[PDB]
There are 2 protein chains.
Amino acid sequence: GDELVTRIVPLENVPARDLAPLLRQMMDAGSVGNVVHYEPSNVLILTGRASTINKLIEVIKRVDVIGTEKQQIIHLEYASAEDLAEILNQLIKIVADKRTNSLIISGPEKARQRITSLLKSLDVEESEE
Amino acid sequence: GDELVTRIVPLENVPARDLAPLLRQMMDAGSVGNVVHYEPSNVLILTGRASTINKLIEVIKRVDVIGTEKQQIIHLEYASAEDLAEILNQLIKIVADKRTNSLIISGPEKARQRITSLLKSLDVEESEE
């Protein structure tokens, strides 16, 4: 409740700077005794009573996983990598592998899904004949 | 009704910035206790009583799907891809595939429809003889 402790959550996805008006606004939300502060390493360090920090650290993990963009690298079944590169690149990162033939992709999980749906569009090997 | 809660809808299609006069105008619409705020990740975070947030989050999903432009990639039946490229490009994105022969297209659903109607214009293989 009123218990004043310091507890520290980074925003890894984004530089935490963007919560400085928000979180010292949450200092500015209620009766003070609060500290919000920022390392270059992008950890967000807090001090405050138990509730103000409840919804402060709420803000912080929030802006973390709602600032998500995260890595995945995926196979390419048949089609040559350079191609699916050529298409998706100029559609507006995207990495190709011919040796093991992989499409490699970054973004949020919603980038994961959207470009997995582009993949599912073309995973098919053409019946060139 | 009067229940004050924070609830958060992104505008994925557009950067949510364009609702800052609108939604803090909806703070400014009625008796306050409201917060509207914006992540770089383009999620739009709200705080307010149940009705003001009813029509606030209304605004937000609204400007989402009315800011729609969304992806689809489509086959090309016969005609070479470079061609239908050449025409539609210089008509004022548009991606070609010769290997699997696909016309690839971005836009709203209304871009979907309009250029599906250009497609239906020429899907036909010419009787070159």
*Using the Kirkwood radius over Cα pairs, work out the Stokes-Einstein diffusion coefficient for region B:11-129 at 4 °C and 1.567 mPa s, in µm²/s as a whole number.*
75 µm²/s
_Total charge dipole magnitude, region A:90-129, about the Cα centre, Cβ charges on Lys, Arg, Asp, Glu only, Debye to nearest 20_ = 440 debye
_Net charge dipole size for region A:1-127 [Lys, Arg +1 and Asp, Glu -1 on Cβ; Debye, nearest 20]_ = 480 debye
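Averaged across B:95-104, how many Cβ atoms of other chains sit within 10 Å of each residue's Cβ atom?
Mean shielding by partner chains, rounded to a whole number: 5.
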_Of A:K55/A:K93; A:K55/B:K61; A:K98/B:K120, those spanning more than 28 Å from alpha-carbon to alpha-carbon_ = A:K55/A:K93; A:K98/B:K120
*Inter-copy label distances at A:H37, 7 Å along the Cα→beta-carbon direction, one decimal in nm, shortest first?*
2.1
*Rounded if a/c is under 1.5, else prolate if a/b is larger than b/c, else oblate: which is region B:1-68, with a ≥ b ≥ c the root eigenvalues of its Cα gyration tensor?*
prolate
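Which value, in debye to the nearest 20, gives the size of the charge dipole of region B:1-69 about its Cα centre, when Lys and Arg are +1 and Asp and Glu are -1 at the Cβ?
120 debye
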*asked:* Run the label-point distances for B:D18 please: 7 Å along Cα to Cβ, every other copy, nanometres, shortest first.
replied: 1.9
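Cβ atoms come from the backbone with ideal geometry, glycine included; neighbour counts cover every protein chain shown. Read the figures in this text as sums done on the coordinates, not as results from a lab.
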